[PDB]
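full-length UniProt numbering puts the sequence shown at residues 3223 to 3338, 3387 to 3462. Every residue, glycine too, gets a C-beta built ideally from N, C-alpha and C. Shown next, in structure tokens, is the structure this report addresses.
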Amino acid sequence: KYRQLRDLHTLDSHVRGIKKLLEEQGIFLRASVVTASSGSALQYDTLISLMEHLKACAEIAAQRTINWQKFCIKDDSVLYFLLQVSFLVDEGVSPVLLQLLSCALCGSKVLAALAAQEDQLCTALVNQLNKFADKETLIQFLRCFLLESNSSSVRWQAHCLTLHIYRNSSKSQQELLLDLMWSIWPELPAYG
């Protein structure tokens, strides 16, 4: 129990800090949507203070994934918030956000195999993310992390994350996701 209390409190505090930091620069999460008032990019100090929190969260989620999954179940506005904020932050931080999403959704043993109760938690988290996320945000995620990214590791992470989001969904959401991908397809020549 002791490890669970420590981990839950630490992750809670880190999310409060991240939300306060983003609020300081005009990034507002009202009900479930993240809105930006200023089109100017963030500064180095803000990025480093974000990265320390996200690195702590990534380490704790990678060591003991169950507590992180339990957190994301308890607080329903965490995974979608990270997905939304991954659009506003430069390419230097996106790997850690994708790692957090992958640990929450793809699972721990799957990532361990790639390195060569959790199933129900993964299913529930995937259903929650499907419920919150709309079609435009999914389209933006696919376009931004599978086509526009110059790094190949980020593209592979997006590949795995999309695959495991597809695997754990229901039939109607699978059809919706396939239609989204097939509508993206005609824009292929722009990415080579």
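For residue 3404, does the count of other Cβ atoms within 10 angstroms reach 16, so buried, or fall short, so exposed? For the purposes of this step, residue 3404 is taken as the residue at position 134 of the sequence shown. Result: exposed.
For residue 3251, name the three-state secondary structure that DSSP assigns. On the sequence shown, position 29 is the one that residue 3251 refers to. Strand.
Does DSSP put residue 3256 in a helix, in a strand, or in coil? What you label residue 3256 is simply residue 34 of the sequence shown in a count that begins at 1. Residue 3256: strand per DSSP, three-state reduction.
Between the Cα of residue 3322 and the Cα atoms of 3285, 3227 and 3412, which residue gives the shortest distance? As a working mapping, residue 3322 is identified with position 100 in the sequence shown. Nearest of 3285, 3227 and 3412 to residue 3322, Cα basis: 3285.
Considering only the beta carbon of each residue, do residue 3248 and residue 3258 sit closer than 8 Å? Within the sequence shown, numbered from 1, the residue matching residue 3248 stands at position 26. Within the sequence shown, numbered from 1, the residue matching residue 3258 stands at position 36. Contact: yes.
Taking the C-alpha atoms as reference points, what is the distance between residue 3268 and residue 3325? Within the sequence shown, residue 3268 is the residue found at index 46, counting from 1. Within the sequence shown, residue 3325 is the residue found at index 103, counting from 1. About 25 Å.
Just checking, does the region 3405-3416 make contact with the region 3291-3309 on the three C-beta pairs under 8 Å criterion? yes
Pair within 8 Å by beta-carbon distance, residue 3410 and residue 3320: The residue labelled residue 3410 in the question sits at position 140 within the sequence shown. The residue labelled residue 3320 in the question sits at position 98 within the sequence shown. No.
Helix, strand or coil for residue 3387 per DSSP? The residue labelled residue 3387 in the question sits at position 117 within the sequence shown. Coil, per DSSP.
In the DSSP assignment, find the unbroken alpha helix (DSSP H) run with residue 3303 in it and report its ends. Position 81 of the sequence shown, counted from the first residue, corresponds to residue 3303. Element bounds for residue 3303: 3301-3307.
Take residue 3279 and list the residues in its own chain whose beta-carbon comes closer than 7 Å to its own, dropping the five residues that flank it on each side. To locate residue 3279, count along the sequence shown from 1; it is residue 57. Result list for residue 3279: 3233, 3236 and 3322, in chain order.
What is the C-beta distance between residue 3275 and residue 3314, in whole angstroms, given that I count them as a contact (C-beta under 8 Å)? Start at 1 with the first residue of the sequence shown, and residue 3275 comes out as number 53. Start at 1 with the first residue of the sequence shown, and residue 3314 comes out as number 92. Not really, about 15 Å apart at Cβ, beyond 8 Å.
Can you give the Cα-Cα distance for residue 3457 and residue 3425, rounded to whole angstroms? Position 187 of the sequence shown, counted from the first residue, corresponds to residue 3457. Position 155 of the sequence shown, counted from the first residue, corresponds to residue 3425. Going by the C-alpha atoms only, they are around 17 Å apart.
Reference residue 3299, options 3434, 3241 and 3445, closest by Cα: Position 77 of the sequence shown, counting from 1, holds the residue named residue 3299. For residue 3299, the nearest C-alpha among the options comes from 3241.
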